[PDB]
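Engineer: Residue numbers (the working numbering), protein chains in the order written: chain A, 1219 to 1456; chain B, 1219 to 1456; chain C, 1219 to 1456; chain D, 1219 to 1456.
Number of protein chains: 4
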Amino acid sequence: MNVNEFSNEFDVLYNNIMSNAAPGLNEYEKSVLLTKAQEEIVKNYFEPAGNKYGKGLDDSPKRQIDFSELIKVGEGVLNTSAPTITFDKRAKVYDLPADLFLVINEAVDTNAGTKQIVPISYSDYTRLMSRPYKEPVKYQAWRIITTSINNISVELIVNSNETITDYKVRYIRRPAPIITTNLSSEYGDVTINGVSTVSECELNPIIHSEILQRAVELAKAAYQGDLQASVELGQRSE
Amino acid sequence: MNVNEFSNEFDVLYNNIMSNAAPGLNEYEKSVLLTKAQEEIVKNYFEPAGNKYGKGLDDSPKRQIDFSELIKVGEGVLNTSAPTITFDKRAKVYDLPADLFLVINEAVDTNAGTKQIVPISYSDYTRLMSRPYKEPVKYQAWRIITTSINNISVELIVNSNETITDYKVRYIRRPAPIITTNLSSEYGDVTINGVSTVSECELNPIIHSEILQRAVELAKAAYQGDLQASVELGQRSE
Amino acid sequence: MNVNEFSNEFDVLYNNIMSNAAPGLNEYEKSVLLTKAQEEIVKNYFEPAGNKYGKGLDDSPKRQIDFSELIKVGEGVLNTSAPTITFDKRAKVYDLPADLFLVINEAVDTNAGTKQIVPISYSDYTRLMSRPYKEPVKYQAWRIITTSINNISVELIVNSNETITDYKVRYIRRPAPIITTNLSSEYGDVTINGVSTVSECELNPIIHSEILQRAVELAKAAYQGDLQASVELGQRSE
Amino acid sequence: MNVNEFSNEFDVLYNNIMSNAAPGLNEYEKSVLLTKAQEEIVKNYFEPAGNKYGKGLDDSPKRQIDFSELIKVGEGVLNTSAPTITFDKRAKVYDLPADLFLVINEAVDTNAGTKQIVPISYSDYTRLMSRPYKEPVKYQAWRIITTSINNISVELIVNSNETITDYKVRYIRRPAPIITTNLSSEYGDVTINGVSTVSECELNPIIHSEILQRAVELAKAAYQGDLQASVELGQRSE
């Protein structure tokens, strides 16, 4: 549903049918609300407890198709460009892609075969390094985030005498903003996420209606403007 | 029932009987609300938790006959047109049809016979690639969504020394919009999902009354225009 | 109860006894409401959870007599007229009758005797085709809906080395509309479901009173016209 | 109406339908009364509470056409010639146009961007200068009037770290006098506002009737000589 339709049905659902019509929204306001609804819906549908169904990323066909056009596969770049201080003497630092929203699968290709990366918590790190062995299980590797600047930097811990060749990350791409019109203006160029040009919703058309409905709900909550509406609809930011 | 009957009965149910009759809706507004109701009804009826009966796609004769006119069978196109970075070294990339709404059944015909595709979750992917074997069961194949642009791209994982001949996908076709009248205008051509011409409801007449009722409910909720109505009737967008 | 009486007692129950009489309804409005009530009552009484009793199609004598004058027996036409792509290499495509509302019994007459058709779900299809045999039980056959255009197209899967001779479907016919008067007019011919002429209620007279009562309830809900009435009586569309 | 029409038609209204029945006004007196009447009309139709409709400058199409030929756009000139003392540390003194009657819109073009000027009262200045930050909002600038000599001088308090490059003022131009004859011909050195020659009305013809009627009322009151009439029609002088 290209952005002109986003604006047109936004008007239709917002004010064109209201009994006491509210002032129509500017295109910047509609773009901001649509982008906010996009992020809110993505976070709602990624986590099962964020929506009424209780279903997450791959808990039904609908969720799979929802995040289908947002999934991306990239590689981590070895961070030997500059020195650094790792928390572990035996961890190799890798930089994840910049346009990363959420990681759902990671894998490392070593000389000793491919191994699934298990992101270990700070409590599991302390528990596991109190043990005599302190290495992953046969077909897995460990991961902990390290000092990150401008992008997520990642420490990979593999078994001894293993060299990493590739480090693939299957992640959810950061959604691009929904901008209806060229936001360029003589009085000042405004941006949604650093882009002023027209930006289509690059997700599957299945959730475009949900994004529009959430945008309308946010618009009406802003219209009322009391604390109750803001807190009630702010619970779904998540 | 054809588009004329949708519009006429929409007027009848909306404002021709109500005491303090409200302004009649424009045909663009009626078409918008009918299309939104169509998508909402489809999403409610696919998921058991989305409707009051607790019944999903195939949980009763009515639910079968509801989507009977929306089911379609196609084939995935092998994505060797251009190079790409697969998350799994032994996965063949396939492109699904553009007009895909939900996948309900997939199957792949290999040299070793037909094999049912099981869409494995990311947590199930991590669990399964931690085992020594890392291959599907005898009569199945595995599947994960990969980098998708403009249409869903799919990674198929089969057993070793197996070649894929075809990849059939039983999916639900994307519903076409319901447009009452030719939306062509001298002041600007407006579209619902990229089409301005008249578009009939391409689903079974069993749910035409259902779509009309949902459209009327959405129309009256928009008429009320308060945050309450939008929030409570957005719960059914799903 | 022929349609003149439908209109006369509709008036009597709607406005002729009211203290502050509402405007009388047009014959088109009454026809639309009666047809809507007809479909709503059929769907109420087919599914047990749709009515207060909790009784479905054949759960009491009343329901049997209710759907008695709506049941029909027809045959499926082999769809070798044109080529197609079946989801199963070994399924024969058959086209169901056009005036089909709900299927309650299906059967196929093969050279190896008659067999009851079991409509298998998309989950049962995946479960059953993961098994070594992948054929029906002795005296049954499987069924899944395929690409359908203008009428439900059906795939029949029988055991190997079995040829289908007949395919009988015992279904519930689509109800004809209730039209009181010839809706032909000089200002434009209106239709309920594509027919303008007088149309009697072709169901058993047992549910005519229920259809009239539901029509009156819909009329009064439309008269009030608030969102509450529309949503409350829209739950019974089902 | 040319000046000759204002004089001739004053006598169809003041002088008892040009009957020489009322006292008889010279052309200098008629010019004086017309000038006073136009000033009164401008002041009354500007303030909503000053007229009979409760409508101000831009509150109806008639008011928009009334002041259409007075609205002027002019730039302010930096008052760097005189090194006076400003009440605010970061105030740049600007001189306004000499033919200024009422200001209605002011804007300042800074290096950061254009900023709408808010004419801030002496109470709001003390209120907003009792706070931590003490700067305008991101899209506005303040303005207070300062030591003025035979002109209008305004302090532009724009946010620190910003420089003013322009200052546009949209205002109501001071109306020119209405004079119906060369005053020097018969009256020695009398001027209305410094002009001794024929001066036409610089206003839209829509309010010429209003101005003439007000002049007639003022003449009749000034000649009836009652204190009550003078004080009663003195109410509308503002």
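Built from N, CA and C at the ideal position, the CB exists for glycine as well.
Which residues, taken in chain order from the segment 1353 to 1375 of chain B, show a beta carbon closer than 7 Å to some beta carbon of chain A?
Structural biologist: Of all residues in the segment 1353 to 1375 of chain B, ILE1363, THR1364, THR1365, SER1366, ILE1370 have a Cβ within less than 7 Å of some Cβ in chain A.
Engineer: So is A:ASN1262 buried or exposed if we call it buried at 16+ other beta carbons inside 10 Å?
Structural biologist: buried
Engineer: If you draw a straight line from the C-alpha of B:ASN1244 to the C-alpha of B:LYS1254, how long is it?
Structural biologist: Answer to the nearest angstrom: the Cα atoms are 15 Å apart.
Engineer: For the alpha helix (DSSP H) containing A:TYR1385, name the first residue and the last one.
Structural biologist: Unbroken run through A:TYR1385 is the beta strand (DSSP E), 1382 to 1391; no alpha helix (DSSP H).
Engineer: For A:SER1237, decide whether its Cβ has a neighbour in chain B, counting only Cβ atoms nearer than 9 Å.
Structural biologist: Yes, because at least one Cβ of chain B sits closer than 9 Å to the Cβ of A:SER1237.
Engineer: Per DSSP, which one or two residues make a beta bridge with B:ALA1394?
Structural biologist: Answer is none; B:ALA1394 lacks a bridge partner.
Engineer: What does a CB cutoff of less than 6 Å around D:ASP1384 pick up in its chain, not counting 5 residues either side in sequence?
Structural biologist: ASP1327
Engineer: Using 8 Å for Cβ pairs, my map puts C:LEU1252 next to C:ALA1433. What's the rounded Cβ distance?
Structural biologist: Between C:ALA1433 and C:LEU1252 the Cβ distance is about 5 Å, and since that is below 8 Å, they are a contact.
Engineer: Using only CA atoms, which one of B:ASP1444, B:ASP1407, B:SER1371 lies nearest to A:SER1286?
Structural biologist: B:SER1371
Engineer: Candidates D:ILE1338, D:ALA1394, D:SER1402, D:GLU1456: which alpha carbon is nearest D:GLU1418's?
Structural biologist: D:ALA1394
Engineer: Between which residues of its own chain and D:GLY1268 is the CB-CB distance below 8 Å, once the five residues before and five after are set aside?
Structural biologist: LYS1261, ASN1262, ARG1454, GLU1456
Engineer: For B:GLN1453, which residues in chain C fall below 8 Å Cβ to Cβ?
Structural biologist: Simply none; closest approach about 11 Å.
Engineer: According to DSSP, is C:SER1371 helix, strand or coil?
Structural biologist: strand
Engineer: Do B:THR1298 and A:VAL1291 have their CB atoms nearer than 9 Å?
Structural biologist: Taking 9 Å as the Cβ cut-off, B:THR1298 and A:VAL1291 do not qualify as a contacting pair.
Engineer: Leaving out five residues before and five after A:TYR1357 in sequence, what residues of the same chain have Cβ atoms less than 6 Å from its Cβ?
Structural biologist: Hits under 6 Å: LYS1333.
Engineer: At a Cβ cut of 7 Å, what residues of the segment 1247 to 1262 of chain B count as close to chain C, listed as they run along the chain?
Structural biologist: For the segment 1247 to 1262 of chain B, which is checked against every Cβ of chain C, not one residue is closer than 7 Å.
Engineer: Determine the closest residue to D:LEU1288 out of D:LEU1445, D:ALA1437, D:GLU1420, D:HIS1426, with distance taken between C-alpha atoms.
Structural biologist: For the set D:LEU1445, D:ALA1437, D:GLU1420, D:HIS1426, the Cα lying nearest the Cα of D:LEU1288 is the one of D:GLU1420.
Engineer: Look up B:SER1286 in the DSSP assignment and say whether it is helix, strand or coil.
Structural biologist: helix
Engineer: Along the alpha helix (DSSP H) that carries B:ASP1317, what are the first and last residues, could you check?
Structural biologist: Per DSSP, B:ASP1317 belongs to no alpha helix (DSSP H) and is neither H nor E.
Engineer: Can you tell me whether A:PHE1305 is buried or exposed? The criterion is at least 16 other CB atoms within 10 Å of its CB, across all chains shown.
Structural biologist: Classification for A:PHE1305: exposed.
Engineer: List the residues of chain B whose Cβ lies closer than 7 Å to the Cβ of A:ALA1447, in chain order.
Structural biologist: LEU1445
Engineer: Determine whether the Cβ of residue 1164 of chain C lies closer than 9 Å to any Cβ atom of chain B.
Structural biologist: In the structure as shown, chain C begins at 1219 and stops at 1456. Residue 1164 of chain C is therefore absent and cannot be evaluated.
Engineer: Against chain A, does B:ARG1281 count as a neighbour if the rule is that its beta carbon must be under 9 Å from one of theirs?
Structural biologist: Not an interface residue.
Engineer: Which same chain residues, not among the five before or five after B:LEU1451, have their C-beta less than 7 Å away from its C-beta?
Structural biologist: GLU1435, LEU1436, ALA1439
Engineer: Which chain C residues sit within Cβ distance under 7 Å of B:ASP1276?
Structural biologist: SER1339, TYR1340
Engineer: Taking Cβ positions only, does B:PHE1264 come closer than 9 Å to chain A?
Structural biologist: yes
Engineer: Can B:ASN1323 and B:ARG1391 be called in contact, C-beta distance under 9 Å?
Structural biologist: No, Cβ-Cβ distance for B:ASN1323 and B:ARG1391 is not below 9 Å.
Engineer: Give a yes or no on whether the minimum CB-CB distance between A:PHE1285 and chain B is below 9 Å.
Structural biologist: yes
Engineer: May I have the straight-line CA-CA distance separating A:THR1409 from D:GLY1331, to the nearest angstrom?
Structural biologist: 16 Å
Engineer: At a Cβ cut of 8 Å, what residues of the segment 1427 to 1441 of chain A count as close to chain B, listed as they run along the chain?
Structural biologist: The residues in question are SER1427, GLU1428, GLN1431, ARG1432, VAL1434, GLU1435, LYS1438, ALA1439, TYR1441.
Engineer: For A:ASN1400, go through chain B and note every residue whose CB falls closer than 8 Å to its CB, in chain order.
Structural biologist: Under the 8 Å cutoff, chain B gives no residues; its nearest Cβ is about 17 Å from A:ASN1400.
Engineer: With a cut-off of 8 Å on the beta carbons, I'd call D:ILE1382 and D:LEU1374 a contact; round off their distance for me.
Structural biologist: 6 Å
Engineer: Just to check my reading of the structure: B:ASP1313 and B:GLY1294 have Cβ atoms closer than 8 Å, yes? What is that Cβ distance to the nearest angstrom?
Structural biologist: 6 Å
Engineer: Within this structure, are the beta carbons of B:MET1236 and B:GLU1227 separated by less than 9 Å?
Structural biologist: no
Engineer: Who are the Cβ neighbours of B:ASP1276 in its own chain at under 7 Å, not counting the five residues just before and after it?
Structural biologist: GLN1282
Engineer: Which residues in the same chain as C:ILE1396 place their Cβ atom closer than 7 Å to its Cβ, once the five residues preceding and following it in sequence are excluded?
Structural biologist: In the same chain as C:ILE1396, and ignoring 5 residues on each side of it, the C-beta atoms closer than 7 Å to its own belong to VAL1221, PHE1224, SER1249, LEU1252, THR1253, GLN1256, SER1417, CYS1419, in chain order.
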